[PDB]
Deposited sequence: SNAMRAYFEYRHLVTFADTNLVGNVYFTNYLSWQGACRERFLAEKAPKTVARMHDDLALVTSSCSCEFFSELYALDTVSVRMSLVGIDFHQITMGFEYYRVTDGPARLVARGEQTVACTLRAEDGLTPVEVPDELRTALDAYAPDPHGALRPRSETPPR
């Protein structure tokens, strides 16, 4: 089983603010880009269910910032499976600065998504998505 799923992003000017570093919200956006790239590549049919009856909703998210990223930096975001609780999936995120080559931890994050049906009713994690997560056991 693979330990992680890697997402890479080149930091551009819009990611930064007047202070000179990457604005904190962008770290959360990278969690979104990462988790949804995983869905596109590892569980395509699950996405089709979302336009129907399936509803994947973020229940919580968080991020801790150790060091700063700058413009034209390359960030490597590694997502790992923390655990599954019936309908809830918890992910872990590790942010690395890999601009000069060697990776250096600049931030650590975590978020939880819930699988529901269109009010909203908790439903067990779809088998396709469930099989995809099996290769990323902690």
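I have the full deposited sequence and the modelled structure. Can you tell me which residue ranges, counted from 1, have no C-alpha coordinates? Coordinates drop out over 1-3, 122-124, 145-159.
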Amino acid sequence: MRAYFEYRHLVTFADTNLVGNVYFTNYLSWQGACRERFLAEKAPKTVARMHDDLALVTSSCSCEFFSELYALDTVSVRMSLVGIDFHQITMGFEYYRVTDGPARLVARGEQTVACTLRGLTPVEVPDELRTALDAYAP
From here on, numbers count along this sequence of modelled residues.
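Can you let me know which of the two, 88-96 or 46-54, has the higher average C-alpha B-factor in the entry? The stretch with the larger average C-alpha B-factor is 46-54.
Is the mean CA B factor in the deposited entry higher across 2-10 or across 127-135? The stretch with the larger average C-alpha B-factor is 127-135.
Residue with maximal Cα B-factor (values as given in the PDB entry) among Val22, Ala114, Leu18, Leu117: Going by the entry's C-alpha B-factors, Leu117 comes out highest.
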